[PDB]
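**Q** Residue numbers (UniProt numbering), protein chains in the order written: chain A, 24 to 517; chain B, 24 to 517; chain C, 24 to 517; chain D, 24 to 517.
The C-beta atom is built at its ideal place from N, Cα and C for all residues, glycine as well.
There are 4 protein chains.
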Amino acid sequence: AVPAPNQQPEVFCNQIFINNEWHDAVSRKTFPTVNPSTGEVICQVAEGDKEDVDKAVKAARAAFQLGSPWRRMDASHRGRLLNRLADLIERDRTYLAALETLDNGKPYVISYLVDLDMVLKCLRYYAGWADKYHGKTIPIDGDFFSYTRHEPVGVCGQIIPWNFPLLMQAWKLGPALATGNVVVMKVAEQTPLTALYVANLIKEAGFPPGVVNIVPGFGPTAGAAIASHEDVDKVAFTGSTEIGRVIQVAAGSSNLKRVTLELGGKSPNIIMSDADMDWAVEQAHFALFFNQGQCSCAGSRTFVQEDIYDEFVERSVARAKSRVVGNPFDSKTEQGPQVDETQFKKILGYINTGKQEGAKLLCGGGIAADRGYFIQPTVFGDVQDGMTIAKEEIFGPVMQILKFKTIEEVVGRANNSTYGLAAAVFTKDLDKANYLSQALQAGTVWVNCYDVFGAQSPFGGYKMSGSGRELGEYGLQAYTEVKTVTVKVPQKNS
Amino acid sequence: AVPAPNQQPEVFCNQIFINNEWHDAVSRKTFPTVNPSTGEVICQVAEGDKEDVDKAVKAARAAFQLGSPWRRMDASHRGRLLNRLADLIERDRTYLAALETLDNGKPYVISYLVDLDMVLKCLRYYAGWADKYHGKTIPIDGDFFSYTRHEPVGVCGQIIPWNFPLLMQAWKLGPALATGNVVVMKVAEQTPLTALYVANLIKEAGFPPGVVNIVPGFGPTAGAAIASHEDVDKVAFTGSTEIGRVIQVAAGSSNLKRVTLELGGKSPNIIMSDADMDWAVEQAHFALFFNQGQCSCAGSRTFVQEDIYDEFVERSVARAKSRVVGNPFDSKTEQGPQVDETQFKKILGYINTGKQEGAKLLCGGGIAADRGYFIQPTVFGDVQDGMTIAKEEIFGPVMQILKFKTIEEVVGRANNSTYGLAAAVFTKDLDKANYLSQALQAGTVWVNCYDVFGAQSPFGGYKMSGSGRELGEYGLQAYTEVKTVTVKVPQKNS
Amino acid sequence: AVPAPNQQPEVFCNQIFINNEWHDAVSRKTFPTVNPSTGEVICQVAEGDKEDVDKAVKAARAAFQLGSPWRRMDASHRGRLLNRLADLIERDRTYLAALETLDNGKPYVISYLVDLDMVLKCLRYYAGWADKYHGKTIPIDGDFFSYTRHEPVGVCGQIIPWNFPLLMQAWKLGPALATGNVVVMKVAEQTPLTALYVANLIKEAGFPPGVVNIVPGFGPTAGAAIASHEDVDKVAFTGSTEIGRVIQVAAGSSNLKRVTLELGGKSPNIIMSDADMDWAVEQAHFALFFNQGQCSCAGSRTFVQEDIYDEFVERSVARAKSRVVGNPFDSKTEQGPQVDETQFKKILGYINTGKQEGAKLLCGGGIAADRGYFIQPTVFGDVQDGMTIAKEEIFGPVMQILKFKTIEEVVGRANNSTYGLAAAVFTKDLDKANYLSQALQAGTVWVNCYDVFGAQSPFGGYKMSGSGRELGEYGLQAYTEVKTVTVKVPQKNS
Amino acid sequence: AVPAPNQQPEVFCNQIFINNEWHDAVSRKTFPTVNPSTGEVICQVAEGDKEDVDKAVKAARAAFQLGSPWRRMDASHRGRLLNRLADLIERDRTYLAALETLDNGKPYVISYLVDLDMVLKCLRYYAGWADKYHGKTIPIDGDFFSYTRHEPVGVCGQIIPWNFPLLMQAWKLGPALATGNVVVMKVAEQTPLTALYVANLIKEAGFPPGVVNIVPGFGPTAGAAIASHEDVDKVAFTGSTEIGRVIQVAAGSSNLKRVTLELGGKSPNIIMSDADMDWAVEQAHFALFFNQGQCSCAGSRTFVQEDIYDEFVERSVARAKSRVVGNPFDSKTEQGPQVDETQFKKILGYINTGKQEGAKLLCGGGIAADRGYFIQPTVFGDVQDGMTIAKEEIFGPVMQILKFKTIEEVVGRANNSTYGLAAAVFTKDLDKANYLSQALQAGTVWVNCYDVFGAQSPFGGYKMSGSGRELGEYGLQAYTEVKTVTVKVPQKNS
Ligand SMILES: NC(=O)c1ccc[n+]([C@@H]2O[C@H](COP(=O)([O-])OP(=O)(O)OC[C@H]3O[C@@H](n4cnc5c(N)ncnc54)[C@H](O)[C@@H]3O)[C@@H](O)[C@H]2O)c1
Ligand SMILES: [Mg+2]
Ligand SMILES: [Mg+2]
Ligand SMILES: [Mg+2]
Ligand SMILES: [Mg+2]
Ligand code: NA
Ligand code: NA
Ligand code: NA
Ligand code: NA
């Protein structure tokens with residue numbers, strides 16, 4: 024059951040958050056954030072730039088000083104603070120879900136049941152790691168006692184995208200805070216509002232000032248200031264592959280800060296002829312269309328074995344034509360608008376390219392409403408590997424269906440990509456499932472499902488889909504600096 | 024390639040091994056060991072008893088003293104010694120395989136290609152663990168540094184059976200020595216010879232005196248003396264469920280030594296109607312008949328789905344009738360004799376029991392040769408769950424085939440046992456494989472295979488099939504005593 | 024800050040708890056529990072025996088059936104329920120602390136600030152483990168996929184003592200519930216009340232019926248029924264070394280259930296000449312006198328280097344004479360009564376023995392009040408290793424001070440014990456601290472502190488102080504049954 | 024215990040190694056490598072450039088194809104191959120130690136007893152990891168089975184320096200090969216020879232062609248070609264902080280390959296007034312002067328507490344004045360030449376700067392012989408933090424001694440560096456040791472020792488000394504690509 028929304032939630036936080044206080048930008052500039060369902064401005068937001076980032080980094084560094092409240096805090100108590108934050112978000116769940124829908128466009132039912140549930144589960148998962156990520160005692164040769172300390176990496180710059188604003192904030196804050204780091208976060212200009220409200224909850228939860236600082240603003244200004252900063256120890260970036268390159272170059276060109284990247288995808292979803300047809304059709308639809316198609320790991324190359332191709336396509340088209348596009352606050356709506364004008368235009372561009380290059384348009388193909396950034400669910404059949412829509416990340420409700428004959432053929436075609444974020448296989452056969460899950464070059468392989476995320480299981484890219492992993496125990500690795508301490512002892516014994 | 028065997032290998036070692044030297048029993052008693060293919064005495068062996076065990080325990084305790092060569096030795100160097108021991112066993116592989124066949128009865132080709140290969144792999148695997156089983160540094164509350172040391176448990180009594188004499192010795196020595204323990208081993212009275220030769224190789228490898236001591240002799244004398252010893256810290260026993268109970272009671276009645284047990288089985292091998300028939304028949308044959316049926320994990324309840332039952336049984340009877348029983352030094356031999364007269368009689372008793380209780384005798388059922396202890400490969404059909412031959416471990420070449428209808432039914436029937444050592448499922452279906460491997464109450468579940476052991480993967484029982492695990496990283500747990508050290512520090516920081 | 028206690032709290036729960044309901048004993052018998060500060064009966068409690076244990080085990084087995092709510096529950100949700108339980112205990116903290124004082128005798132300020140705090144920290148720590156105790160994927164040889172599942176051991180019998188009633192309950196329930204086991208718990212006859220109230224909170228928190236069952240009653244009746252039960256998979260026992268032997272024998276004589284034991288101690292507390300004198304005197308006092316001396320790990324052999332002996336003894340005696348013995352609800356009280364008349368008499372017996380065998384009585388030595396079980400803080404000087412008071416666990420406010428000269432001497436004397444639960448070293452010297460922490464044969468070594476427990480760091484015995492470990496990640500091992508699944512695959516690749 | 028060297032060892036390998044074959048450079052160009060003891064050319068070496076790297080990367084990629092001999096090889100067998108390689112290096116130890124001395128300049132006794140020993144220990148350690156770096160099975164929410172595979176990262180570019188040619192090769196090849204990667208290694212132009220002979224032994228050991236490829240040549244040609252290559256998945260670079268920046272920028276600018284960096288240092292060695300003087304002096308001397316000062320972790324800021332400063336400096340000067348500089352094949356020689364003329368001149372430049380900026384020249388300060396690149400052991404006293412010789416890595420036999428008063432002062436001064444590779448503390452006091460080891464911002468902290476490396480314990484930088492760790496279990500992390508497989512199952516149970 025979903026509690027009724029407030030379809031026009033008040034905005035309470037719209038400034039830069041440093042040392043648990045709200046600041047205007049040094050410049051006093053602000054930028055609009057827009058409701059993509061109407062095209063109207065919600066409010067102005069402080070436009071942070073290099074000077075605001077510098078204030079935030081200094082606050083983070085101070086909070087990280089040896090002997091500070093955050094450094095001296097018991098690891099178990101960091102876990103208590105993460106659990107308190109989750110409880111505050113749960114108290115404010117309908118507000119945050121409605122604000123998420125207002126600013127991003129996704130259906131309120133999904134913001135409520137999916138995004139907010141996933142945020143809670145991620146924070147509560149990482150609360151549990153705070154006092155369990157042990158270092159080692161090590162049986163080195165000779166008369167020595169050797170051990171490692173797992174220390175925090177330090178001041179962590181965290182740059183996140185607009186597609187799942189709250190969830191991406193939680194994927195970053197969970198592991199960083201569980202391990203005792205401090206954060207300077209740059210939220211997406213398209214969707215800054217929910218993360219700023221969460222900062223108020225961070226203060227309410229009792230995190231020391233300077234442990235989390237949030238600088239809304241643009242990428243080449245505030246984002247680049249983080250990535251190039253001389254006193255930021257680590258940057259974690261989620262966004263496009265194009266900008267990932269910019270981040271890695273900025274790290275190398277500045278202070279050799281540690282880098283992890285979660286980038287784009289063109290994930291293959293492989294339907295073998297023995298798959299359960301009804302389930303495969305529904306999951307392939309979800310795999311592509313979830314979140315207005317705005318998912319890094321979207322199943323955007325649907326490979327279907329030739330003996331079931333015609334039926335699969337018929338059913339897929341029927342399901343796409345039935346998908347309800349509308350006001351994301353209406354309970355019947357399955358698909359809201361795209362996040363903004365830039366994305367709307369890019370997706371229409373890709374649709375035009377698909378038409379021009381001779382893919383078979385089977386449904387949709389155009390705008391879905393006269394106001395707001397709504398696009399019809401669009402399906403192309405008879406897609407070929409060299410087509411632009413088979414290669415480039417579209418990030419909208421545009422499905423590609425490709426036909427194949429053999430399992431060996433489809434492995435090669437699935438893997439012939441510079442992306443490698445996710446993939447899936449639908450089959451009833453044990454051996455085909457094991458053959459494909461081993462052979463696919465992707466960070467997550469789903470078998471008979473898609474978009475199954477768990478705070479316990481890592482996620483991230485092969486190839487140019489990124490480096491490092493988020494979620495699970497693995498998500499702690501990039502937030503830890505390892506120190507070996509090797510001590511002379513009188514006489515080592517086993 | 025298998026090198027030609029010496030069919031009458033010389034015996035060099037037949038005494039008690041303490042402090043790297045050979046000793047008679049205090050009583051000067053010896054016992055004969057018999058070649059089960061001919062029924063003739065091979066030689067006599069020192070008959071160790073309580074006073075010999077007491078000498079061995081004192082030697083091991085002395086080798087374990089703080090400051091001793093074995094306690095000071097670098098962990099990496101324990102790994103080098105295990106690797107040297109494996110190289111010496113490899114040098115003497117053809118000799119050891121023939122001596123194993125002479126004393127135990129198994130085909131020389133199998134001693135050579137299987138037993139000795141698995142010994143080498145077990146020792147080389149554990150050599151690699153010697154310097155890698157780390158303790159932890161722990162983020163405890165307060166101004167403390169807390170960590171754990173993984174220390175050796177100490178003097179380990181290790182009692183092993185006769186069915187895989189060299190391999191059982193290696194499964195015990197590998198983890199115990201990798202972790203810096205010292206050992207008093209009691210080898211089976213039926214097959215003492217190969218383990219005693221390996222003691223010569225332990226000295227040759229360079230292990231300090233007293234690190235491994237071996238006492239051949241009987242169970243209620245030397246075995247019980249180890250189990251009840253006031254200065255043995257840990258006992259690892261492999262053998263019958265009946266004697267496991269005796270060991271656990273001895274431990275509780277003496278000094279509360281730590282105990283692990285690897286006991287009997289009545290493991291179910293489940294053939295679904297979609298299995299590959301030819302492979303399932305061959306694997307079900309192997310699963311039961313391997314090693315003259317003398318395997319704790321033998322697939323001794325073969326459950327076969329009703330639609331494929333008649334064909335599976337026809338094929339199984341044909342394969343059992345074709346199985347070549349004979350001199351284990353002849354390369355054509357698939358099945359040697361049972362290990363001794365006691366086991367021979369017990370198996371004849373169980374064959375008669377199956378006949379008396381109305382199981383359908385489909386082939387075999389009698390004595391296979393004049394000399395030695397050879398039994399025909401025997402297959403019973405239409406076996407029912409309440410039959411004694413369906414419940415009790417037979418430990419010979421006697422196959423039980425049961426019919427079932429549904430996957431839900433077979434889970435309940437397979438699990439309705441007080442044993443729980445292993446199980447298998449043959450199916451092409453991903454979901455049936457996952458359903459059954461989850462639901463079966465067994466320490467190892469094989470899927471489309473049987474008797475697949477790896478030094479890397481743990482093995483051990485549910486229920487009355489044992490407690491604890493051998494092999495893998497898990498095999499190190501029982502050989503480690505954990506010490507927490509918690510140190511006051513001036514000011515704890517993350 | 025400590026809230027004012029209800030000095031005569033009401034009792035709401037005094038029956039057997041099975042399937043989330045309250046039951047009389049089948050026999051309808053009850054037994055009294057006494058307030059040790061007054062010697063008066065608080066109330067009657069249902070007297071559970073074998074028949075009530077049988078009902079509880081059947082309930083636990085049913086709750087453990089494959090497909091049950093508790094088996095199907097997400098691991099993360101088990102963590103949520105443990106966190107809910109902790110929140111309910113915190114809500115009822117003032118009541119539970121007063122009830123603990125009423126039934127056990129410990130000072131209310133300690134119940135509130137120490138026991139209840141530690142209960143909350145233990146449950147919250149293990150809540151975090153619920154979804155983090157991973158099995159392994161294992162690179163076995165050959166064309167196979169091999170992995171382990173960490174499954175619950177099953178029906179766990181848990182038998183606990185009276186010295187820290189709520190904390191001992193939490194140390195058992197935390198790991199068992201985090202790993203998905205079900206429990207039949209036998210609480211101490213001397214202190215049943217607080218654990219029964221916590222059962223009401225387990226129901227309130229939402230644990231499925233049958234997951235936790237609690238049977239108050241006596242040892243040889245209800246305790247033995249659990250230890251010998253044919254359908255209990257695992258027993259975890261905390262109590263005397265004498266009864267540990269009984270439990271281990273019961274397990275071996277019944278169904279080979281898995282066993283862990285947390286037993287007695289006679290722990291050495293070593294004060295080197297270079298210790299900080301004031302700190303060492305205060306910590307040595309705490310080490311022995313904490314919880315009316317009723318701590319398994321009490322520092323009951325205080326070894327003091329000869330050059331500082333006279334001053335340390337003078338200061339220690341002054342501290343003992345200043346220790347306020349009285350009503351445990353009075354804020355000034357440092358020491359309450361002993362738990363019952365049996366213990367009261369036994370401690371007085373040991374004080375008599377100490378006098379008879381030639382130890383120097385420095386202070387105390389008798390009863391401290393004419394009502395309730397109060398004993399004077401008692402210090403014996405010039406104690407020798409062979410004295411009964413230097414060997415046997417007294418479990419009361421009776422301190423032994425022994426003199427030593429050298430570091431080798433004290434290691435050897437500390438280790439000449441069949442106990443090995445804990446030890447401590449007070450020294451400023453790095454090399455002395457490392458030499459002694461390595462050389463001492465004890466499950467926990469404290470350096471410049473004592474009785475520093477954390478849910479993160481394991482605790483348990485060497486030698487006859489126990490086997491297995493509680494707390495930390497280690498505390499999950501005995502609650503896990505390991506299953507290997509090994510699957511044939513078309514072609515294994517790295 | 025050192026075999027007499029061949030002082031003019033023959034060179035057998037001087038070409039590019041690709042697919043287990045020797046190749047000239049495509050250009051046919053060669054470059055000289057010089058014997059630094061004489062300044063004379065040993066031989067010419069193939070001058071690899073971009074086209075040679077391209078051939079190497081293609082060969083590595085082919086060897087990494089799914090289904091190849093290296094991809095299908097059992098993990099345990101990778102370990103056997105590493106052990107065989109170590110055996111071959113041991114067989115050729117005397118030759119390799121002499122060749123190392125000839126090309127690098129370090130004393131032969133040290134090549135033989137230290138470098139070659141450490142190479143053997145590294146490879147044998149990693150051999151043991153090959154089949155033990157498990158992935159996880161993960162208790163995700165819902166009806167799923169989720170697990171991770173630890174797969175190889177793929178084609179690994181490895182760029183190494185000249186200071187420990189064989190050891191740096193081993194630190195790279197050990198973890199990369201244990202985890203099943205393939206390698207394109209670029210050895211330092213100053214010391215290519217020993218790594219090329221090791222390639223011959225890699226072929227001899229049985230590694231499949233293309234698994235290890237070695238391209239000698241210069242940095243901006245062959246090194247840059249690897250760092251910028253579009254089909255190299257990971258680069259591991261050891262060298263100067265300056266070139267580390269170039270590598271990270273190349274990775275970002277090309278294909279977003281994974282990067283680890285092991286860079287320079289200016290490590291503080293802190294001597295407290297309570298240190299053992301004789302030991303601290305000798306260890307401080309070793310800390311700085313080991314390997315002609317050519318060690319990334321050299322203790323090049325020796326901080327000495329004011330009370331012991333004068334004595335420490337007097338003893339340090341006596342030791343530096345007696346250090347034997349000479350022919351590295353002479354057993355009396357403690358210090359050989361610097362590796363080449365460039366380094367020789369740089370070090371003399373630093374000595375000049377030290378004198379100019381007002382450090383007190385206490386001994387040495389000039390050239391030590393008329394031929395070869397020999398420099399006198401040089402000690403500067405009264406060094407201050409702002410002096411060039413206190414900030415910049417000198418990488419030669421030039422010691423800086425700084426005075427301090429308090430432990431708080433020295434933490435701040437030690438940590439006021441953009442380097443953070445190592446540090447050490449000399450003290451007898453437990454609390455000072457723990458205070459400093461926690462507070463020092465360095466990847467390794469030695470206590471009462473220096474330059475204690477073990478294959479078991481990780482090593483790497485904080486700050487601009489690098490990112491990632493080599494050695495230990497940690498050394499495997501950067502060579503692993505993690506894949507999550509999440510499988511729908513009929514009904515998940517614990
Ligand atoms: N952290 C460690 O474990 C470690 C170990 C040894 C040496 N070092 C450091 O190494 C340095 C000394 O070694 P060096 O003089 O060989 O260092 P360097 O940076 O000059 O060269 C190291 C390697 O990189 C190559 N290289 C040079 N320019 C390159 C370019 N533009 N692109 C790609 N590769 C290039 C070189 O040819 C060589 O193989 C010191 O700073 C020392 O501290 C660090
Ligand atoms: Mg953008
Ligand atoms: Mg027997
Ligand atoms: Mg009692
Ligand atoms: Mg250079
Ligand atoms: Na918006
Ligand atoms: Na025999
Ligand atoms: Na009571
Ligand atoms: Na050279």
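For a minimum of 3 consecutive residues, which ranges assigned as the beta strand (DSSP E) are wholly contained in the stretch 107–166 of chain B?
**A** Runs found: 158–161.
**Q** Check whether the Cβ of C:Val57 sits closer than 7 Å to any heavy atom of ligand 8, and report yes or no.
**A** Answer for C:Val57: yes, Cβ within range of ligand 8.
**Q** Alpha carbon to alpha carbon, how far is D:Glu63 from D:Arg394?
**A** D:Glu63 and D:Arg394: Cα-Cα distance of roughly 10 Å.
**Q** Please work out which residues of its chain come closer than 7 Å, Cβ to Cβ, to C:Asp454, disregarding the five sequence neighbours upstream and downstream, and give them in chain order.
**A** Nothing meets the Cβ criterion.
**Q** Beta carbons nearer than 8 Å to chain D: which residues of the stretch 147–179 of chain B have them?
**A** So the close ones are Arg147, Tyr148, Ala150, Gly151, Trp152, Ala153, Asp154, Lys155, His157 and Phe168.
**Q** Shortest alpha-carbon distance to C:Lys78 belongs to which of C:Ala153, C:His173, C:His252 and C:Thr509?
**A** The candidate whose alpha carbon is nearest that of C:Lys78 is C:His252.
**Q** Using 8 Å as the threshold, is the C-beta distance between B:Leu219 and B:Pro239 below it?
**A** In this structure, B:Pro239 lies closer than 8 Å to B:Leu219 by Cβ.
**Q** Are three or more beta carbon pairs between the stretch 130–142 of chain D and the stretch 181–193 of chain D nearer than 8 Å?
**A** Segments in contact, yes.
**Q** Answer yes or no: does any C-beta atom of chain C fall closer than 8 Å to that of D:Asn106?
**A** It does not; no Cβ of chain C falls within 8 Å.
**Q** Using only CA atoms, which one of C:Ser488, C:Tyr502 and C:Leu494 lies nearest to C:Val475?
**A** Residue C:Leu494 is the option with its Cα nearest to C:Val475.
**Q** Given a threshold of 16 other Cβ atoms within 10 Å of its Cβ, counted over all protein chains shown, does residue 19 of chain C qualify as buried or as exposed?
**A** The structure shown does not extend to residue 19 of chain C, since chain C spans only 24 to 517, so no value can be given for it.
**Q** Alpha carbon to alpha carbon, how far is B:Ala382 from C:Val255? Give it in angstroms, no decimals.
**A** Those two C-alpha atoms are separated by around 34 Å.
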